[PDB]
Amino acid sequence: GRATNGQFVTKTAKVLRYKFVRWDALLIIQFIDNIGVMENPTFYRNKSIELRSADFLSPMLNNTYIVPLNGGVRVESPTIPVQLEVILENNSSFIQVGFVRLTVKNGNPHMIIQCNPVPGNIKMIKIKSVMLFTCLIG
């Protein structure tokens, strides 16, 4: 088909836009809010999906941050690695390879974000990567 627009909404009413394509048992979905661009002939700017502390569930265990989501599609995706910037309450920040999945719980989609230990409490996680999941349905 052609690519259909859609979105998820976070606990704090942040809107995560995506485009998707669904064929037989296949669902391919890309998040489109942070598609980086070259703004001139020589500079590439990354864009962030910015996820705040209030977007995550509590308690968090094992450097696993869970973003309950409302609306959009309901998939058990594979894991994709992303560029993360993990910002602490003290404004210190750590660049990490994160690992992201979409999963379903209580009929709600949730985004699972896993990363490494940091010396403090998290204020914000920024996903600097353009995320696309290829998923198998059923």
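A residue's number is simply how far along the shown sequence it sits, counting from 1.
| query | Quick one: higher average CA temperature factor, 25-33 or 56-64? | reply | The stretch with the larger average C-alpha B-factor is 56-64.
| request: Would you mind comparing 126-134 and 113-121 for me and telling me which has the higher average C-alpha temperature factor in the entry? | output: Comparing averages over the C-alpha atoms only gives 113-121.
| request: Could you tell me which one of 79, 48, 42, 103 shows the highest CA temperature factor in the PDB record? | output: That would be 42.
| request: Relative to the other modelled residues of the same chain, rank the CA B-factor of residue 73 and answer lowest, middle or highest third. | output: Top third by C-alpha B-factor.
| task | Check where residue 87 lands among this chain's C-alpha B-factors and tell me if it's the lowest, middle or highest third. | result | As the PDB entry reports it, the C-alpha B-factor of residue 87 lands in the middle third of its chain.
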